[PDB]
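Below is one structure; the comments refer to it alone.
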Amino acid sequence: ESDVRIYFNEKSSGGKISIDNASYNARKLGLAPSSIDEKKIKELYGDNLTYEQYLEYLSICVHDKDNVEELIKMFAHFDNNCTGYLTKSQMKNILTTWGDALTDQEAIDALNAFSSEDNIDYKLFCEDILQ
Amino acid sequence: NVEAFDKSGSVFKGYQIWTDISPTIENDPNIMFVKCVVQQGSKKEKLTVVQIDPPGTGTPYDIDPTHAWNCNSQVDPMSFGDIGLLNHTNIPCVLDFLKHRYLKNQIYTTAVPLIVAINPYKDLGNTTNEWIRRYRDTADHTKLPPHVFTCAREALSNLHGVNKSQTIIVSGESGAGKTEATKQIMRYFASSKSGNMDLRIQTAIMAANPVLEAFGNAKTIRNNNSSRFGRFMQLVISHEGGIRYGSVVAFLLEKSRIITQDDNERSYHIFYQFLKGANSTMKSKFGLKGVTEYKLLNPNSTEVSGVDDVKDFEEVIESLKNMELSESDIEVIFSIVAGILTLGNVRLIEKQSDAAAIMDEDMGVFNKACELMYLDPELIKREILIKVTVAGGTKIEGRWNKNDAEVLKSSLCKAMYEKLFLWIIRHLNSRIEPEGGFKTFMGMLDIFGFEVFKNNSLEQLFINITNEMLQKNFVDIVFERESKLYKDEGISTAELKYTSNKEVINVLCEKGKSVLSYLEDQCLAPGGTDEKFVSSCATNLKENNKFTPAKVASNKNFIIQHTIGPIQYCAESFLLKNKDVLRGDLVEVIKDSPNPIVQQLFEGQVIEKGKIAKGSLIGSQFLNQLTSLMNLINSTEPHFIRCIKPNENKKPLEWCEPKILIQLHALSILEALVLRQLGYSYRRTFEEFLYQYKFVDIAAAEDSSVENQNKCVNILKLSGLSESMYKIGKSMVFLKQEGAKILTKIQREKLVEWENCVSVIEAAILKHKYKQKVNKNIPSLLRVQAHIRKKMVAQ
Amino acid sequence: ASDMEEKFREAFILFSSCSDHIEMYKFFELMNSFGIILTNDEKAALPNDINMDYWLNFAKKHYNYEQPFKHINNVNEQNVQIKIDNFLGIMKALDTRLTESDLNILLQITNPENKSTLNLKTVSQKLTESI
Ligand SMILES: Nc1ncnc2c1ncn2[C@@H]1O[C@H](COP(=O)(O)OP(=O)(O)O)[C@@H](O)[C@H]1O
Ligand SMILES: [Mg+2]
């Protein structure tokens with residue numbers, strides 16, 4: 001709650017903070033912001049936000065409906081034999097193609113961070129990122 | 001047999017096959033077959049493949065063509081409900097189709113006239129009120145996936161539609177899902193569109209499943225809620241839903257379970273329910289000890305995971321009340337249960353070693369047991385300890401030894417329980433049956449399917465006899481129906497004939513020349529053993545190939561050649577297991593009870609003066625029950641629900657190819673496809689055939705100068721198909737399976753010009769369909785990416 | 001200038017279930033989806049284990065940028081209309097992967113009305129707008 005006002009000042013400029021910096025702060029606090037949450041606030045207050053708006057943005061960044069069952073949906077979609085396991089190559093192609101696409105490096109990094117093996121238990125991979 | 005090569009003799013690039021040869025198969029008991037691609041250069045006499053599914057090494061290997069099966073490549077299993085509609089119906093194909101549907105949570109799949117239902121071992125929420133309503137009120141039922149409600153709808157539709165009685169038959173292995181299906185179908189029948197005035201009679205029928213499961217079900221190794229008996233119901237449902245009348249029949253209750261249980265196996269639920277569930281006042285009233293403190297109850301097995309006996313017990317008390325039992329009636333039921341449990345805890349010792357008697361420590365226990373069971377304790381003590389032999393001419397008052405008196409005590413516990421259970425049913429029937437009986441009813445049989453074990457006894461024999469009667473029902477209704485169809489269109493019913501199990505029925509039932517006829521005669525014999533019974537059977541049943549003796553223990557074991565294969569039975573204790581019925585004088589002591597319910601337990605039970613009569617034995621009595629039950633079912637129109645247990649682990653999304661295939665064989669799911677293919681299988685109306693096979697010959701099709709019955713005969717003669725593959729019919733063009741498959745190949749040959757265009761069209765539409773599904777999961781993906789980035793900041 | 005790489009790459013992973021190798025049958029679905037057609041010899045000449053980089057190269061070499069879907073209708077020929085239920089007749093006759101739903105979707109997207117005939121010059125036209 002106080003970290004919100006601590007992190008704000010560090011990246012703030014004349015009382016207002018950029019969305020890119022406001023989003024970074026949300027991650028530091030432990031929130032998961034998508035291009036939707038950013039396009040949501042951009043649609044309401046522009047690119048630079050006051051302290052009043054900053055909180056209102058971190059309010060949207062609160063994703064409670066987030067759980068393994070909700071996240072696995074896409075990975076589960078390509079697990080045609082229903083094993084609960086996907087290759088690193090499979091998962092890299094998903095993360096780097098659709099949605100708020102990650103760099104072919106960002107994807108490799110995060111999958112290599114979770115496991116050494118090519119076959120990744122995406123239920124566990126998702127449980128881990130959520131923590 | 002795998003059309004892998006072109007005319008040139010070169011393999012089709014990418015040609016996929018099914019195969020029984022792989023290291024995956026060797027290393028995994030779950031997998032029976034793998035997907036392969038036929039490698040370029042493969043020979044006609046021996047193929048070279050590479051595994052593609054499940055993923056492999058990439059290593060090419062050789063297989064003899066007799067280990068290659070056709071693949072149903074490019075086919076959506078969720079696109080249609082019947083296995084028969086598949087281009088290839090070989091074992092690996094049928095199995096895969098069933099697998100894909102299972103993992104997508106579609107368990108029900110037909111194999112006309114059968115409905116296969118794979119146990120999901122997970123709540124799918126497909127039998128909710130929302131699902132009953134959908135299945136009940138839908139315009140065109142066919143535009144809905146297969147379901148047990150499909151069968152319930154159809155059955156109630158024919159009953160009311162043509163005023164013919166119907167019988168739904170649910171069968172399969174222990175834990176395959178018979179009882180659950182039975183409970184769903186009933187739940188559907190109880191859902192009325194606008195209401196039910198006969199709600200009291202319906203409420204009582206629905207209150208009967210918890211009651212029947214409490215007293216008749218048990219936790220076996222194979223099922224935590226195993227039906228230890230055969231259930232038959234007659235229902236009277238209103239055309240708009242709602243049960244009005246009913247009749248329940250239990251049969252072949254597992255007597256042995258009341259006395260002793262194997263380990264990791266419990267007794268009947270009610271014992272556990274009642275002891276953990278009875279309140280402080282109830283416990284003192286009967287003098288109840290803990291579940292562990294009872295002899296008749298395995299003290300280790302006592303708890304079952306996911307089963308809350310205290311909560312289940314509350315539900316039984318309410319169910320008994322809803323069956324129109326008074327508080328007194330209920331109190332009498334539980335006094336008899338406390339009696340059965342207490343009597344078991346009485347100890348007996350040898351009184352030298354000559355005769356036997358009650359342990360003095362246990363005299364109060366014995367007396368309480370009789371009081372609770374509303375029986376005379378002195379007269380009960382007398383029957384358990386006084387032997388009245390008839391040596392020479394006269395009666396000789398003697399005494400029973402420890403082992404014999406232990407057996408007579410156990411006989412009482414068993415008989416009292418079984419009879420209480422049957423009385424509960426008899427009482428329910430008194431409040432739910434129609435006064436003049438049933439005109440047109442809806443039959444429902446929940447019977448244990450064909451049984452094969454490491455050792456088979458009299459228990460499995462009676463089950464396999466019942467299952468032979470039902471298979472006869474299947475094959476007869478398969479014939480009857482397909483035969484009436486041909487006849488209606490004026491076609492030769494000659495090339496229509498298939499196998500009858502009449503040969504194995506005679507060897508098992510027929511009076512004078514059957515295993516059951518010689519089992520009865522040996523029990524009635526003044527000196528007959530299990531050896532004498534097998535020896536007499538192996539001598540008098542040489543006329544039919546269905547009776548065969550055994551290699552190891554030739555006089556102790558015998559093997560019958562059932563429809564589903566050879567099943568070997570062990571004749572040890574067969575004579576003992578048939579004679580297990582209460583002994584005449586003890587029955588009089590019970591019938592002389594002051595209490596009206598205890599008197600009612602053995603109503604009109606004739607006295608056993610001499611040695612056991614014909615109709616006293618289990619085998620004899622059961623054949624009478626079965627014949628009566630059968631004739632009643634043969635009178636109705638049947639419906640078959642086949643249940644498949646997919647794994648021995650009671651786990652969801654766990655497919656086991658081998659187990660599943662034994663089941664496809666035992667339930668005749670495979671033979672149901674075989675029968676549907678035989679003869680003139682393709683049958684479609686003159687208008688239909690012409691929409692379908694239009695392009696075989698577009699000239700004869702696109703013509704006003706000829707009628708529809710004549711447009712078809714023109715196309716067919718011009719086509720190439722021998723008159724040996726097609727018959728014209730009255731309303732329908734009757735084409736043999738082979739003929740109808742050739743005819744399609746001719747049509748495609750004509751539209752050779754359209755091939756590249758339709759390829760591109762279809763392919764582009766799929767690419768689109770594909771991206772659309774990916775869009776659905778894009779908001780969820782946005783989440784995995786938001787968090788991957790959140791996690792990256794924290795470093 | 002028109003770089004289809006992003007569209008080709010995505011399509012391969014739609015058919016290949018996000019893996020980096022497609023099986024032959026699925027590669028044939030894939031190439032067809034871009035209007036590519038191969039002769040039985042051209043096909044027999046393909047590598048048995050097709051991968052992403054192979055496809056991307058092939059796609060550039062065979063995709064008709066000037067006119068994709070030339071196989072539905074050629075602008076260089078001339079004779080392009082046929083009845084609606086006739087088209088479906090041929091579709092069903094050639095054992096399509098498509099269901100009664102997919103077929104009807106294609107129909108109201110292309111044919112605006114219920115106009116007696118379906119024009120192929122429009123089938124190709126609408127599919128190219130959906131590339
Ligand atoms: N349709 C189903 N959906 C969910 N669970 C089921 C279904 N059918 C069976 N089960 C599970 O399997 C168990 C055993 O099935 P059951 O129908 O009682 O056995 P049986 O075939 O011996 O009558 C059930 O108690 C239940 O937990
Ligand atoms: Mg059961």
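Convention: chains lettered A, B, ... in structure tokens order; per-chain residue numbering from 1; ligands numbered from 1 as shown.
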
Practice problem: Write as a VMD selection string the residues around ligand 1, taking 9 Å as the cut-off and counting only C-alpha atoms and all ligand atoms. | Solution: chain B and resid 107 117 to 127 170 to 184 222 to 228 446 to 449 643 to 645 650

Exercise. Please report as an NGL selection string which residues of chain C come no farther than 10 Å from chain A, using only C-alpha atoms.
Key: :C and (6 or 9-10 or 13-14 or 16-20)

With C-alpha atoms kept, could you save the residues just selected as a short mmCIF file (atom, residue, chain, number, x, y, z; two decimals), in the first residue's frame?
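Dumped to result_11.cif:
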```
data_model
loop_
_atom_site.label_atom_id
_atom_site.label_comp_id
_atom_site.auth_asym_id
_atom_site.auth_seq_id
_atom_site.Cartn_x
_atom_site.Cartn_y
_atom_site.Cartn_z
CA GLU C 6 4.22 -13.61 -40.81
CA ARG C 9 4.64 -18.86 -40.28
CA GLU C 10 1.31 -18.56 -38.30
CA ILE C 13 1.88 -23.56 -36.60
CA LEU C 14 -1.96 -23.66 -36.90
CA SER C 16 1.40 -28.28 -37.11
CA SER C 17 -0.27 -27.73 -33.64
CA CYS C 18 2.50 -25.16 -32.75
CA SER C 19 5.32 -27.71 -33.28
CA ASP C 20 8.16 -26.94 -35.76
#
```

Practice problem: Do a neighbour search on range 450-467 of chain B at 8 Å with only C-alpha atoms, toss out local chain neighbours closer than 2 positions, and write the hits as a PyMOL selection string. | Solution: chain B and resi 172-173+448+469-471+505+508+567-572+574+577+619+626+666-667

If you take only C-alpha atoms and a cut-off of 7 Å, which residues of chain B touch chain A, and what are their nearest atom pairs and distances in Å to one decimal, in chain and number order, as a Markdown table?
```
| residue | atom | partner | partner_atom | distance |
| --- | --- | --- | --- | --- |
| B:103 | CA | A:82 | CA | 6.8 |
| B:777 | CA | A:74 | CA | 5.1 |
| B:778 | CA | A:99 | CA | 5.8 |
| B:780 | CA | A:71 | CA | 5.2 |
| B:781 | CA | A:74 | CA | 6.1 |
| B:782 | CA | A:99 | CA | 5.2 |
| B:783 | CA | A:71 | CA | 6.4 |
| B:784 | CA | A:71 | CA | 6.0 |
| B:785 | CA | A:100 | CA | 6.5 |
| B:786 | CA | A:32 | CA | 4.8 |
| B:787 | CA | A:32 | CA | 5.1 |
| B:788 | CA | A:129 | CA | 6.2 |
| B:790 | CA | A:27 | CA | 4.7 |
| B:791 | CA | A:129 | CA | 6.6 |
| B:793 | CA | A:27 | CA | 6.3 |
| B:794 | CA | A:28 | CA | 6.3 |
```

With N, CA and C atoms retained, export the selected residues as a PDB file, in the first residue's frame.
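File produced: out-v3.pdb:
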```
ATOM      1  N   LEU B 103     -11.698 -37.792 -24.280  1.00  0.00           N
ATOM      2  CA  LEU B 103     -10.813 -36.722 -23.826  1.00  0.00           C
ATOM      3  C   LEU B 103     -11.415 -35.340 -24.098  1.00  0.00           C
ATOM      4  N   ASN B 777      -9.030 -18.328 -27.130  1.00  0.00           N
ATOM      5  CA  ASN B 777      -8.048 -18.497 -26.074  1.00  0.00           C
ATOM      6  C   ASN B 777      -7.049 -17.336 -25.987  1.00  0.00           C
ATOM      7  N   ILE B 778      -7.235 -16.291 -26.811  1.00  0.00           N
ATOM      8  CA  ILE B 778      -6.312 -15.161 -26.794  1.00  0.00           C
ATOM      9  C   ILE B 778      -6.435 -14.323 -25.487  1.00  0.00           C
ATOM     10  N   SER B 780      -6.967 -15.347 -22.433  1.00  0.00           N
ATOM     11  CA  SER B 780      -6.264 -16.227 -21.492  1.00  0.00           C
ATOM     12  C   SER B 780      -4.748 -16.159 -21.750  1.00  0.00           C
ATOM     13  N   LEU B 781      -4.339 -16.106 -23.038  1.00  0.00           N
ATOM     14  CA  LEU B 781      -2.921 -16.030 -23.414  1.00  0.00           C
ATOM     15  C   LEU B 781      -2.320 -14.710 -22.923  1.00  0.00           C
ATOM     16  N   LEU B 782      -3.026 -13.579 -23.184  1.00  0.00           N
ATOM     17  CA  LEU B 782      -2.675 -12.230 -22.746  1.00  0.00           C
ATOM     18  C   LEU B 782      -2.256 -12.238 -21.267  1.00  0.00           C
ATOM     19  N   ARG B 783      -2.842 -13.189 -20.460  1.00  0.00           N
ATOM     20  CA  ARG B 783      -2.609 -13.416 -19.019  1.00  0.00           C
ATOM     21  C   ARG B 783      -1.278 -14.087 -18.718  1.00  0.00           C
ATOM     22  N   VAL B 784      -0.950 -15.153 -19.472  1.00  0.00           N
ATOM     23  CA  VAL B 784       0.309 -15.902 -19.330  1.00  0.00           C
ATOM     24  C   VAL B 784       1.504 -14.977 -19.701  1.00  0.00           C
ATOM     25  N   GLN B 785       1.288 -14.067 -20.666  1.00  0.00           N
ATOM     26  CA  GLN B 785       2.268 -13.095 -21.142  1.00  0.00           C
ATOM     27  C   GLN B 785       2.454 -11.929 -20.148  1.00  0.00           C
ATOM     28  N   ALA B 786       1.347 -11.438 -19.532  1.00  0.00           N
ATOM     29  CA  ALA B 786       1.355 -10.352 -18.541  1.00  0.00           C
ATOM     30  C   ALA B 786       2.149 -10.761 -17.312  1.00  0.00           C
ATOM     31  N   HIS B 787       1.998 -12.043 -16.903  1.00  0.00           N
ATOM     32  CA  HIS B 787       2.681 -12.637 -15.761  1.00  0.00           C
ATOM     33  C   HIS B 787       4.128 -12.999 -16.065  1.00  0.00           C
ATOM     34  N   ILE B 788       4.446 -13.441 -17.315  1.00  0.00           N
ATOM     35  CA  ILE B 788       5.826 -13.770 -17.726  1.00  0.00           C
ATOM     36  C   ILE B 788       6.676 -12.507 -17.571  1.00  0.00           C
ATOM     37  N   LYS B 790       5.656  -9.836 -15.586  1.00  0.00           N
ATOM     38  CA  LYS B 790       5.609  -9.461 -14.167  1.00  0.00           C
ATOM     39  C   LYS B 790       6.807 -10.109 -13.451  1.00  0.00           C
ATOM     40  N   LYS B 791       7.017 -11.421 -13.711  1.00  0.00           N
ATOM     41  CA  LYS B 791       8.088 -12.256 -13.173  1.00  0.00           C
ATOM     42  C   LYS B 791       9.465 -11.765 -13.588  1.00  0.00           C
ATOM     43  N   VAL B 793      10.345  -8.518 -14.107  1.00  0.00           N
ATOM     44  CA  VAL B 793      10.596  -7.258 -13.401  1.00  0.00           C
ATOM     45  C   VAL B 793      11.274  -7.536 -12.042  1.00  0.00           C
ATOM     46  N   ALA B 794      10.784  -8.578 -11.322  1.00  0.00           N
ATOM     47  CA  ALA B 794      11.247  -9.040 -10.004  1.00  0.00           C
ATOM     48  C   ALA B 794      12.735  -9.512  -9.941  1.00  0.00           C
TER      49      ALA B 794
END
```

Closest-contact table, chain C side, partner chain B, 6 Å, counting only C-alpha atoms, as JSON lines:
```
{"residue": "C:24", "atom": "CA", "partner": "B:14", "partner_atom": "CA", "distance": 5.0}
{"residue": "C:29", "atom": "CA", "partner": "B:763", "partner_atom": "CA", "distance": 5.4}
{"residue": "C:32", "atom": "CA", "partner": "B:760", "partner_atom": "CA", "distance": 4.8}
{"residue": "C:33", "atom": "CA", "partner": "B:764", "partner_atom": "CA", "distance": 4.1}
{"residue": "C:35", "atom": "CA", "partner": "B:760", "partner_atom": "CA", "distance": 5.4}
{"residue": "C:44", "atom": "CA", "partner": "B:13", "partner_atom": "CA", "distance": 5.7}
{"residue": "C:71", "atom": "CA", "partner": "B:757", "partner_atom": "CA", "distance": 5.3}
{"residue": "C:72", "atom": "CA", "partner": "B:757", "partner_atom": "CA", "distance": 4.9}
{"residue": "C:94", "atom": "CA", "partner": "B:748", "partner_atom": "CA", "distance": 5.7}
```

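With only C-alpha atoms as the atoms that count, the residue of A:50, A:38, A:104, A:84 with the shortest distance to residue 122 in chain A is A:84.
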
Exercise. Can you pull out every residue within 12 Å of range 585-594 of chain B, counting only C-alpha atoms, but drop anything in the same chain fewer than 3 positions away, and send it as a PyMOL selection string?
Key: chain B and resi 336+370-388+408-409+411-413+415-416+419+581-582+597-610

For range 83-90 of chain C: contacts at 6 Å, only C-alpha atoms, fewer than 3 positions along chain excluded, given as a PDB file with N, CA and C atoms, in the first residue's frame:
```pdb
ATOM      1  N   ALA C  93     -19.574 -34.863 -52.143  1.00  0.00           N
ATOM      2  CA  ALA C  93     -19.122 -35.952 -53.034  1.00  0.00           C
ATOM      3  C   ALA C  93     -17.621 -36.225 -52.953  1.00  0.00           C
ATOM      4  N   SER C 116     -29.855 -18.030 -56.566  1.00  0.00           N
ATOM      5  CA  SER C 116     -29.848 -19.356 -57.217  1.00  0.00           C
ATOM      6  C   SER C 116     -28.444 -19.956 -57.494  1.00  0.00           C
ATOM      7  N   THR C 117     -27.528 -19.160 -58.096  1.00  0.00           N
ATOM      8  CA  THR C 117     -26.160 -19.590 -58.409  1.00  0.00           C
ATOM      9  C   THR C 117     -25.095 -18.969 -57.487  1.00  0.00           C
ATOM     10  N   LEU C 118     -23.990 -19.707 -57.285  1.00  0.00           N
ATOM     11  CA  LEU C 118     -22.816 -19.277 -56.532  1.00  0.00           C
ATOM     12  C   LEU C 118     -21.689 -19.030 -57.560  1.00  0.00           C
TER      13      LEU C 118
END
```

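Going from CA of residue 247 in chain B to CA of residue 231 in chain B covers 10.5 Å.
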